[PDB]
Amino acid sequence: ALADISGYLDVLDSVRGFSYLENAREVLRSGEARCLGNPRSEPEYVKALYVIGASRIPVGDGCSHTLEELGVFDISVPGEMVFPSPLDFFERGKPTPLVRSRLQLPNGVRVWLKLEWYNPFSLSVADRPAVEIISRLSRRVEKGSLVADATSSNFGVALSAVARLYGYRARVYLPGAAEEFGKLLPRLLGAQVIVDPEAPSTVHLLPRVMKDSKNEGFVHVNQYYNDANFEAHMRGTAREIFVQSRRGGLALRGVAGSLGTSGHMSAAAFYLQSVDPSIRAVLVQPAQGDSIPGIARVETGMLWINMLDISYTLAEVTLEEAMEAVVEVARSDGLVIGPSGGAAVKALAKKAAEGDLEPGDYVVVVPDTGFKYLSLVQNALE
């Protein structure tokens, strides 16, 4: 028997750990899940179902229900694209677009582009963690409290818009080298914003955010460590690849992406590799000395890409190379991607070049619009 999952979403404030994900891998790999006689005695299982994007849970004595029965494949989007609020537009106006590129890579490597700038608050992938974190937070923290964190840019914009739609106050902390939209947009959205000229990278800002949090009593929502960030991308970004690939007719053979916290490619890779372990995750290690805004090298410390059981390859990419690839997607497809997007296009293009990749469909996750990166656009043409 099928019942509604909303009711059982207290397991989000009770399950801790990753042992619950073993349940995910089996439900996904099997394509079904066993019915639960007592839904409250199985907090791990229930949580797993939510995290793969079920809307319902299977309840009863011995039965089982498919992914489609559970609602992994439910279409959310109103055909007409009419939404009674912005927050509901984020929720139900999904999946973000998967667009097949005219870009031609060798060895029959077919490039598809998941356009995460089609998120309403930050025009970036960072909306999805920011709604998931703040939504859970609304359960426990009182309204009018200040929530805060460090960001390269996207998440601080997403945090500020969403915090303020949930009644919470916002502080964002940015490194000096980040972009003007990040420093400016939160303020337009009513946050306080603090910029450290000395801080060369976002992870380096963390001690300052932690110190101030202890002194001031704001809630440091902490995207690097906060398990919702991984979980948002499991029920949203990753699940969508799973669904779209199937409904799209895609022979899905892999994913390509970029890493800051590692939330979204950890989630795409794990989800996808639960359904089918052969799927490569091609990931980008920005080259040494170069800065690509939004992302970093793994060995600067990342939670999920390390600890979860994820087969992934790295290709090195310079900024200059990430920018070359922006330029060529823009001449191929006429779509203008951000620097981190072109870094994952480039990184796939090399494994393709090398002959390390099977013939088939690859989905790249493009994290934001190039319209926010005019300087790096300009410099890449001169």
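From 1 onward, residues are counted along the sequence shown.
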### Query
Higher mean Cα B-factor in the deposited model: 342-350 or 47-55?
342-350
### Task
Could you check which stretch, 247-255 or 90-98, carries the larger mean CA temperature factor in the entry?
247-255
### Query
Among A287, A126, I134, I241, which residue carries the highest C-alpha B-factor recorded in the PDB entry?
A287
### Query
Among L272, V147, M265, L206, where is the Cα temperature factor highest, going by the PDB entry?
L206
### Query
When the modelled residues of the chain are sorted by Cα temperature factor, does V363 land in the lowest, middle or highest third?
lowest
### Message
Using only modelled residues of the chain, where does the Cα B factor of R297 rank: lowest third, middle third or highest third?
### Response
highest
### Task
Would you mind ranking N229 by its C-alpha B-factor against the rest of the chain and naming the third, lowest, middle or highest?
lowest
### Query
Lowest, middle or highest third: where is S152 by Cα B-factor in its chain?
middle
### Chain thirds of CA B-factor: placement of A191
lowest
